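Remarks on the structure that follows.
No Cβ is skipped: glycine too gets one built from the backbone with ideal geometry, and neighbour counts run over all protein chains shown. No value in this document is a laboratory result; all are computed from the given coordinates.
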Amino acid sequence: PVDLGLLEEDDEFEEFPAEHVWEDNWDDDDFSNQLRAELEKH
Amino acid sequence: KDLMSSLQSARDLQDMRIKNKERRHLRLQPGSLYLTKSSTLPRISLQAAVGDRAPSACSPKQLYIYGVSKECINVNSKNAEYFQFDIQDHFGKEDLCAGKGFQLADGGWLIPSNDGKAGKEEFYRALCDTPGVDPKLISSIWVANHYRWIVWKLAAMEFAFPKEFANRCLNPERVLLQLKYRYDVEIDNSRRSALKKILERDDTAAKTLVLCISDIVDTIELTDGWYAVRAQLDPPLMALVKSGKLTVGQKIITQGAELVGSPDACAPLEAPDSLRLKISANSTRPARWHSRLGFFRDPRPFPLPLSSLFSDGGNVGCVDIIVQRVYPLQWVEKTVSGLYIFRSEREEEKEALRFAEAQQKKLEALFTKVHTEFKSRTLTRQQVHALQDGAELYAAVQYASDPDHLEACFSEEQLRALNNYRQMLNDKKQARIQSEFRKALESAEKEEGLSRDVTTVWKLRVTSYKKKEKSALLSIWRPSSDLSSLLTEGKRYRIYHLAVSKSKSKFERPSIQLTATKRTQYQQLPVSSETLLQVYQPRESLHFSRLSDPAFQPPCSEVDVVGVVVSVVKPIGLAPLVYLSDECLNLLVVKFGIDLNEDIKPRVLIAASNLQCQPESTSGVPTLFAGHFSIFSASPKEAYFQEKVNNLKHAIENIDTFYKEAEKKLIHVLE
Ligand SMILES: [Hg+2]
Ligand SMILES: [Hg+2]
Ligand SMILES: [Hg+2]
Ligand SMILES: [Hg+2]
Ligand SMILES: [Hg+2]
């Protein structure tokens, strides 16, 4: 069981920024399957 | 359903608690998740919690074994602000024996609605009945917003990893569990989202963000997960949404974004339905399924390839390049009409004298020209007649054999006709003068005030450090003496904030153009000898042969060469030619688009940087071409040349005799 209360969730923002990622050319895996757009697909 | 009366009971008491509650000030009471995360108890990368791989089920789900839903999956990031929990389907009928409302996690009553629902207000109600919460600091529009995103997130966490997120996600107890969470993150430890900062005017700098697309079709709306604003895509984005790349519900990463219609502060909730943000294609590149809506760690802008830049919008925030080539300064001129003109130094100093000379003659010619405008039957029946009209009376005194001795022969009314045609002549002269001045003086002040519009430019041929390349051009206007000596060929820099990648010109559309604006900064980074040679091909002074073999495009066509001039030729009708011959008695010709640099007299050691190939090679009569960026010289000190010249300086300091003459014979015959 994954204790949600422990999950480093999506929208847990970092206010103080000053405490791979982006892909070069716009259209060429990870930038395909968005944990949020699918509920839009169906 | 209930006899529908035990609900207001539960409601008036609910309403009273809040009533008293807000009637005060009390001690905080972080919620469930806030006090959890708030500690040590090891967290769990939203990634790790899924072996790493985005979705794991498609179609009608591998099946709804674990747990899916209806009227939940058939939902969107634009309607979750409404969901409505059928109070009946989540507690069953075992907890429904309770008509005093369902008590919930964290403390705080969520009372179903008469209608059998559990929507926004219900939660707003509860979240106020919730201990450690002050209902003065929250409000219906506040919960609304959050009830939206705190849903879509959960929902989405459904049709995605069914195997690790059952429905243990969308229960009304993680909603009121989070809404409390947010009230802790934002109203208690008063920590502000990324867009709430920005909007409230407390970080504005639209520096590296991770946002998410929501509503879309003139403009779209992005979110940091907490609040959302309506962006403003540039043409190239306008296309990537109309084509379907920016799929509402995806994460991107802009850079120098910015605001329009943004006076000051305001709470993202009272967001002016005008204000908008401005994403810019070249400074935006999709971000992984997971990430982190909000500001991003590395505050330093991210680079990327020219190869990927577009042109209908955006400046690049950063580009990691290598100074392939470097050309000499150009003294551009904006013609009074349109069109711009390019001139070397020699030319914009020739033209600078040829003008300020000419148009300094005009300034005097206006006055030289206004300076050159200063210095029968008895005479008795006649004197009586040539007395009536004053016009002929004057005449009769000027073309007069005898002066004031005649006008003394008439002392009447007709002596007041001449003295009246006399003073009208003065106020005719005095008119021209006065006017003739002004007229001029005023046309010179309209002369002396006009000037040539001249500024200067520096072109650099740079290429992305990351293999291959698309060597585009960097133009730097009025280059500070510094900049000029910092950039050198074959080096690495990370130029940040470069002009709206304006499209190139001349024939087709490949590659692109870079211009640096007043907010560009050049950071020089190092390079390993060992890994330079891939992209960076130094300047090379051809051995003349190359121009022969159909395999040596030789860097964008530019070549630099050495040689001796056999003979100049200035073909009647403009377009000089310069015949050069190297050491292997090979010949080529340089077509001149500019003006011969003096020294190019027949038979002299001549070096030359920046020459362009012309069609139809392979014919003993090659054809280079000297343009604006061409340099020439009788004594080049440059490296790459040093050899190839000592080489050609050989057969000149060797035979020296039957040489030049034979070349002449070589070239003389080819004609
Ligand atoms: Hg969940
Ligand atoms: Hg604002
Ligand atoms: Hg080149
Ligand atoms: Hg030779
Ligand atoms: Hg060539």
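Roughly how many debye, to the nearest 20, is the charge dipole of segment B:407-519 about its Cα centre, given +1 on each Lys and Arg Cβ, -1 on each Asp and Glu Cβ, and no other charges? The dipole magnitude comes to about 1800 debye.
Partner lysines whose Cα lies under 20 Å from the Cα of B:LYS21, excluding those fewer than 8 positions away in the same chain, are identified as B:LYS100, B:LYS136, B:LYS180.
Legend: ranking of residues B:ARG519, B:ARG276, B:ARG285, B:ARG422 from fewest to most surrounding C-beta atoms inside 10 Å; resulting order B:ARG519, B:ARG422, B:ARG276, B:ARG285. Net charge dipole, segment B:307-372: roughly 360 debye, given to the nearest 20, about the Cα centre with Cβ charges of +1 for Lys and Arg and -1 for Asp and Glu.
Measuring spread by the Cα atoms of chain B yields a radius of gyration and Dmax of 43.2, 149 Å.
The Cα center of segment B:233-293 and the Cα center of segment B:379-402 differ in position by 94 Å. Mean residue ellipticity at 222 nm, helices only, chain B: -7000 deg cm²/dmol; runs of at least 4 DSSP H residues each add -39,500 (n - 2.57), and the sum is divided by the number of residues. Rounded, prolate or oblate: which fits chain A, taking a ≥ b ≥ c as square roots of the Cα gyration tensor eigenvalues, rounded meaning a/c under 1.5, else prolate when a/b beats b/c? Judged from the Cα gyration tensor, chain A comes out oblate (a/c at least 1.5, b/c at or above a/b).
To the nearest whole number, what is the average tally of beta carbon atoms from other chains within 10 Å of the beta carbons of peptide B:292-298?
Counting other chains' Cβ atoms within 10 Å and averaging over B:292-298 gives 5.
Label B:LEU425 and B:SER38 with points 7 Å out from Cα along Cα→Cβ: what is the distance between them in nm? With each label point 7 Å from Cα toward Cβ, the separation is 11.1 nm.
Think of the protein assembly as shown as a dipole: +1 on every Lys or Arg Cβ, -1 on every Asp or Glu Cβ, centred on the Cα centre; then among B:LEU7, B:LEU246, B:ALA358, B:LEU7 lies furthest on the positive end.
Taking a straight line from the alpha carbon of B:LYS601, these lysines sit under 19 Å away, with near neighbours fewer than eight places off in the same chain left out: B:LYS570, B:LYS591, B:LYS649, B:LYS660, B:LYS664, B:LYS665.
Please check which bits of segment B:606-632 a label hung off B:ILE652 would reach, taking the label as a point 7 Å along Cα-to-C-beta and the cut-off as backbone N under 13 Å. Counting only backbone N, you get B:606-608.
Give the shape of segment B:539-671 as rounded, prolate or oblate, defined through the alpha-carbon gyration tensor: a ≥ b ≥ c are the square roots of its eigenvalues, a/c under 1.5 means rounded, and otherwise the shape is prolate if a/b is larger than b/c and oblate if not. Judged from the Cα gyration tensor, segment B:539-671 comes out rounded (a/c under 1.5). Of B:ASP273, B:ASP115, B:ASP320, the sequence from fewest to most neighbouring Cβ atoms within 10 angstrom is B:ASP273, B:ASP115, B:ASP320.
Taken over segment B:333-454, the alpha-carbon convex hull comes to 169 cubic angstrom per residue. Note on B:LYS1 and B:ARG432: the model spin-label points, each 7 Å out from Cα along the C-beta direction, lie 11.1 nm apart. In angstrom, the C-alpha Rg and Dmax of segment B:1-96 are 20.3, 53.
Between segment B:83-135 and segment B:468-535, the C-alpha centres lie 61 angstrom from each other. In this rough spin-label picture, where each label sits 7 Å from Cα along the Cβ direction, the B:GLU442-B:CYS58 distance is 8.4 nm. Working note: Cα gyration tensor of the protein assembly as shown, eigenvalues times five, square-rooted, sorted largest first, giving semi-axes of 80, 49, 19 Å. Three principal axis extents of segment B:171-219 based on alpha-carbon atoms, in descending order, are 36, 30, 16 Å. Take each residue of peptide B:135-146, count the partner chain Cβ atoms within 10 Å of its Cβ, and average: the result is 0. Per-peptide packing, taken as the mean over residues of other Cβ atoms within 10 Å, places B:256-263, B:567-574 in the sequence B:256-263, B:567-574 from highest down. For the residue pairs B:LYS196/B:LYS278; B:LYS278/B:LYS459; B:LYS197/B:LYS518, the alpha carbons lie more than 19 Å apart in B:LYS278/B:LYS459; B:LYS197/B:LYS518. Using +1 at the C-beta of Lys and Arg and -1 at the C-beta of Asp and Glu, which of B:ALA408, B:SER471, B:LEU483 has the Cα lying farthest in the positive direction of the dipole of segment B:349-493? Most positive-ward Cα: B:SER471. For segment B:1-191, a crude dipole built from +1 on the beta carbon of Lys and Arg and -1 on the beta carbon of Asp and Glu, taken about the Cα centre, is about 380 debye to the nearest 20. Partners of B:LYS428 within straight-line reach, counting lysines whose Cα lies under 25 Å from its Cα and excluding those fewer than 8 residues away in the same chain: B:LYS369, B:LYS375, B:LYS439.
Sorted into 5 angstrom bins from 0, the C-alpha pair distances of segment B:327-395 split as 4, 11, 10, 10, 8, 6, 6, 6, 5, 4, 4, 4, 5, 5, 5, 4, 1, 1, 0 percent. Spatial offset of segment B:148-175 relative to segment B:547-625 amounts to 73 Å, using the alpha carbon center of each. By the gyration tensor of its Cα atoms, with a ≥ b ≥ c the square roots of the eigenvalues, what is the shape of segment B:159-282: rounded for a/c under 1.5, prolate for a/b over b/c, or oblate? The shape class here is oblate.
Fewest-first ordering of B:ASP224, B:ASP389, B:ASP106 by other beta carbons within 10 Å of each residue's beta carbon gives B:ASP389, B:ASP106, B:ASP224. A dipole drawn for the protein assembly as shown from +1 and -1 charges on Cβ atoms has a positive end, and of B:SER548, B:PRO286, A:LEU7 the residue lying farthest that way is A:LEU7.
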